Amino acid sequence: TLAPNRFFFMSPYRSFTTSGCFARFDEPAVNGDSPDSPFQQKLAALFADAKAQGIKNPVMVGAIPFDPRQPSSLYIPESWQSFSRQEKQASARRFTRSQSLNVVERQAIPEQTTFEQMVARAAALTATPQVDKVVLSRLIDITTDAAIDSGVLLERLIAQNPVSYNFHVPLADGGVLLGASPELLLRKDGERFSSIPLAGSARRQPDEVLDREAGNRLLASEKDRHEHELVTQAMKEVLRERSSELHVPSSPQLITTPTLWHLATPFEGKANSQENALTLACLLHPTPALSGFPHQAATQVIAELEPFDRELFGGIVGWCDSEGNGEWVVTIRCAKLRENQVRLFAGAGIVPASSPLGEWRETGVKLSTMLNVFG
């Protein structure tokens, strides 16, 4: 299985692994949408260093945190290795062995009543003109007795989530950021780009007809359509100023994960160039699916209600090459592991039609993707 110091990315676009490490890159990604920002200038330079030093076709991979004022977890590997997503999906339709793991401690940060009161405050605030949507999140901390094998976990992740954007990111503190993301934030392929934001959620059902009825009810739910509209209206505005052309559908489609129905709107467009995967990714992130709307207002509520720092959770994860192509997906349905400690994360968009218990339960089902991976 995959060694923990290797990047792994599984996607219908480009799926690959990396090896070794040429140079790390931790410049904060704030203002990274401007080609004249320190982030972009330093990026170009390192790609230049890489080629001079004889790195062929250098790639920048890893993760950027929710608040891009914080350092990035990005690097250029010594080498990378394509593989076929399809071959990997076929190989994962198997019984997936598991690491025997003992729990020494488990802890919900916060616990149910506290989270419910947080949702109620945020909901009440969204009832005022001051903000329209706040994304609130919570964690499950688990401590084992043994170092966790991130490679065995990845095999389970893939087997349980063969379709999503599956990532395994080595981290500078020795940890691994692992996950099964359903949300494309930015793909760039030549001059064209796309983004498939999600927001609005309904639990899958084992019964075929009930499953379909759950999806249908989601498309008819005013709360979830409102939650989703605030996201797409935001990104449409942002991308208007920046794209030669832009296609956005007028209503969402349905997408599934193993646990959830989601509302999804596909954006496609042509990039003004002098643009790359990261200039556009930093432009968009975070959307109101992960921060809220208006952005700065929502991030203030988040800072005042959440009893923890998100760090990489709710950021983006992916890759950019020196030609400006790349793909960035939202850092959700995911876990940070280091030695015998795991932190799982989930958020949910809060609007005036949000109930405290409903969003505790929605974040619960979101947490279940990684809880399933761990058993």
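The first residue of the sequence shown is number 1, and the count goes up from there.
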According to the deposited model, is the average Cα temperature factor higher in 29-37 or in 309-317? 29-37
Segment of higher mean CA temperature factor, 218-226 or 235-243: 235-243
Per the deposited entry, the peak Cα B-factor within the set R187, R85, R94, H168 goes to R94
Deposited CA B-factor, highest of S73, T287, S98, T265: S98
By the recorded C-alpha temperature factor, relative to the other modelled residues in its chain, which third is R69 in? highest
Sorting the chain's CA B-factors, does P352 end up in the lowest, middle or highest third? highest
Split the chain's modelled residues into thirds by Cα B-factor; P249 lands in the highest
Pull the Cα B-factor of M370 out of the PDB entry and bin it into the chain's lowest, middle or highest third. lowest
How does the C-alpha B factor of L198 compare with the rest of the chain: lowest, middle or highest third? middle
